[PDB]
Amino acid sequence: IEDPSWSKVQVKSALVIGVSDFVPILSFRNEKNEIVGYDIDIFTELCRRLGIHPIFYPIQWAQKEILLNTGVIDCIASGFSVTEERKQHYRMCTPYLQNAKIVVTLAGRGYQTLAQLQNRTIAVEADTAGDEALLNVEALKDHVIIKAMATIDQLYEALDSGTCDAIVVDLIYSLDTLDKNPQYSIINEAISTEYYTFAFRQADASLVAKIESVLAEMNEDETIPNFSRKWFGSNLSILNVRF
Ligand SMILES: NC(=[NH2+])NCCC[C@H](N)C(=O)O
């Protein structure tokens with residue numbers, strides 16, 4: 001019958017959740033240096049209901065596929081986007097948030113349209129398919145220099161520096177940042193529309209099915225909607241959407 005991926009997690013009585021521990025709202029360090037956030041609240045309660053211990057393991061984002069496939073982690077959170085390419089590399093659970101990639105500039109520069117990004121340098125977080133998102137904007141293919149950086153803070157530093165003229169960020173983890181830092185301008189047109197998921201090893205169907213069953217319970221009983229209201233100010237959960 002089932003593949004042993006759930007059994008393995010139940011026997012260890014633990015789920016190792018790989019995260020980037022600097023993603024605002026979703027998985028970041030609070031003043032006490034504890035990892036907190038929307039994704040953390042979800043997996044902490046999910047593992048509680050499953051009778052297993054959640055282990056939030058800080059990873060290097062660029063290594064996430066290797067760490068997962070070699071078993072260092074069991075799944076990947078921190079705002080993991082569904083892409084068509086990634087469907088060939090990961091088993092992804094039913095999406096839980098919508099997201100969009102947006103382009104941010106310095107506000108005092110008059111950037112209004114994506115077309116004004118031509119012949120510019122744009123910074124993206126490495127291994128986030130942000131380069132692919134930009135290369136899919138007609139105005140920008142073959143007319144942009146893309147700089148890949150290791151953290152989100154580095155993007156804003158380059159934007160403050162003049163090392164780049166714009167950056168790509170995800171709307172979801174930017175909702176507080178750009179509500180409050182209006183030294184920055186968002187180009188009206190987003191460059192992608194996406195879903196966030198939690199990524200698992202391809203073969204691990206029984207583990208993902210177990211996880212999805214509990215996520216559904218936690219969404220219907222308003223636990224996750226209320227986590228969303230806590231972190232975002234409204235209920236953004238889309239776990240009752242059927243894909
Ligand atoms: N290092 C992070 N987790 N950054 C947050 C954005 C991640 C991006 N949506 C991705 O799937 O690659």
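Per the deposited record, X-ray crystallography is how this structure was determined, to a resolution of 1.750 Å.

All right, on to the UniProt feature "domain: Solute-binding protein family 3/N-terminal" (unreviewed entry) in the protein chain then. UniProt feature "domain: Solute-binding protein family 3/N-terminal" (unreviewed entry): in the numbering of this structure it lies at residues 14-235. Taken end to end, residues 14-235 is 31% helix and 29% strand, and its two terminal C-alpha atoms sit 29 Å from one another.

To continue, consider the site of the ligand. For the ligand, the set of nearby residues contains 15 residues, the closest of which are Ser20, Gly79, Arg86, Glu125 and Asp170. Residue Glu125 places a side-chain N or O atom 2.8 Å away from a nitrogen atom belonging to the ligand. Take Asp170: an N or O atom from its side chain is 2.8 Å from a nitrogen atom of the ligand. Isolated, the ligand exposes 350 Å² of accessible area, and the fraction of that covered by the protein chains is 99%.

Moving on to the packing of aromatic side chains. Tallied over the full model, the rule gives 10 aromatic pairs. Measuring from centroid to centroid gives 6.2 Å for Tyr38 and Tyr96, while their planes differ by 20°, and the two rings are stacked. One end of the pair, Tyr38, is in helix α2 (residues 38-50); the other, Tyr96, is in the loop between β6 (91-92) and β7 (97-106), and 58 residues separate them in sequence. Like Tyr96, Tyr38 is buried. Within the aromatic cluster, the residues linked to one another by ring pairs are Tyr38, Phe43, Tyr96, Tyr196, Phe198 and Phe232. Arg86 extends its terminal NZ or CZ atom over the ring of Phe80, reaching a point 4.4 Å from the ring centre.

Judged by nonpolar contacts, the single largest core of 55 residues is most densely connected at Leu15 and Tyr38. Ranked by residues supplied to this core, first place goes to α2 with 7 residues. Two domains each put at least three residues into this core: domain 1 (1-99 + 192-243) and domain 2 (100-191). Setting aside residues no more than four positions away along its own chain, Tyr38 makes contact with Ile25, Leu26, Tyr96, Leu97, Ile224, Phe227, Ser228, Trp231, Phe232 and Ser237. If you look at the next biggest cluster of nonpolar residues, it comprises 14 residues, including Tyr111, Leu114, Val137 and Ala166.

When you tally the buried positions in helix α9 (residues 223-232), you get 7 out of 10 residues, the bulk of the element. For α9, the full list of buried residues reads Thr223, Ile224, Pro225, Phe227, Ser228, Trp231 and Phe232. Elements that come into contact with the buried residues of α9 comprise β2 (28-29), β3 (35-36), α2, β7, α6 (171-174) and α8 (205-220). Residue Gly233 follows α9 closely and has a positive phi angle near 90°.

All right, on to the packing of α2 against α9 then. The geometry of α2 relative to α9 is characterised by a closest axis approach of 9 Å and an angle of 155° between their N-to-C directions. As summarised for this structure, α2 and α9 are arranged roughly antiparallel, according to the angle between their axes. Between α2 and α9 lies a crossing whose hand is right-handed. Where α2 approaches α9, its residues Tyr38, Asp41, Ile42, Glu45 and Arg49 are matched on the opposing element by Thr223, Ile224, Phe227, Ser228, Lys230, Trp231 and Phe232. In terms of residue class, the contact of α2 with α9 is made up of 6 nonpolar, 2 polar and 4 charged.

With the rule as written, the count across this model stands at 13 salt bridges. Of the charged contacts in the structure, one is a salt bridge between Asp170 and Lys101, with a shortest N-O distance of 3.1 Å. Of this pair, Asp170 sits in strand β10 (residues 166-170) while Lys101 sits in strand β7, placing them 69 residues apart in sequence. Taking the relative accessible area as the measure of exposure, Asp170 reaches 9% and is therefore buried. What makes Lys101 buried here is its relative accessible area of 4%.

About the thresholds
Position numbers follow the written sequence of each chain, starting from 1, instead of the entry's numbering, which may differ; residues with no coordinates are not represented. Computation of side-chain values: all heavy atoms of the structure, hydrogens and water removed. UniProt positions are given in the numbering used here, feature names are shortened, and annotations may be inferred rather than shown by experiment. Elements are defined by DSSP. Helices are runs of H or I of four residues or more, strands are runs of E of two residues or more, and each kind is numbered from the N terminus. The nearness test applies per residue and asks whether one of its heavy atoms lies within 4 Å of the molecule or strand. Whenever two N or O atoms come within 3.5 Å, that pair is a polar contact, provided that in protein one can donate a hydrogen and the other can accept it, and provided that, for residues adjacent in sequence, both atoms are side-chain atoms. With residues, only the protein chains shown are counted as cover, and all accessible areas are computed by Shrake-Rupley using a 1.4 Å probe. Pairing of aromatic side chains requires ring centres within 6.5 Å, counting the rings of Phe and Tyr and the six-membered ring of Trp. Pairs whose planes differ by under 30 degrees are stacked, by over 60 edge-to-face, and all others tilted. Relative accessible area decides the class of each residue, using a 1.4 Å probe on protein chains only: under 20% of the type maximum gives buried, over 50% gives exposed, and in between gives partly exposed. A ring is scored as having a charge over it whenever the NZ atom of a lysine or the CZ atom of an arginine sits within 6 Å of its centre and within 35 degrees of its normal. Nonpolar cores were defined as sets of buried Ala, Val, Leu, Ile, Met, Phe, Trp, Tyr and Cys residues, with membership established by side-chain atoms within 4.5 Å. Those domain boundaries reflect an automatic or database domain assignment. Between two residues, a contact is recorded if the distance between any of their heavy atoms is within 4.5 Å. Only the contacting stretch of a helix is used when fitting its axis, a line to C-alpha atoms as for every element, and angles between N-to-C directions run 0 to 180 degrees. Each angle is binned into one of four classes, with values under 35 degrees roughly parallel, values over 145 roughly antiparallel, values of 65 to 115 roughly perpendicular, and all other values oblique. Each crossing is labelled by how the near helix is turned from the far one, with a counterclockwise turn of less than a right angle marking it left-handed and a clockwise turn marking it right-handed. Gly falls in the polar group here, along with every residue not listed as nonpolar (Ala, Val, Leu, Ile, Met, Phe, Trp, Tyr, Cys, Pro) or charged (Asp, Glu, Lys, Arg). Take a side-chain nitrogen of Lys or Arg and a carboxyl oxygen of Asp or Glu: if they are within 4 Å of each other, that pair is a salt bridge.

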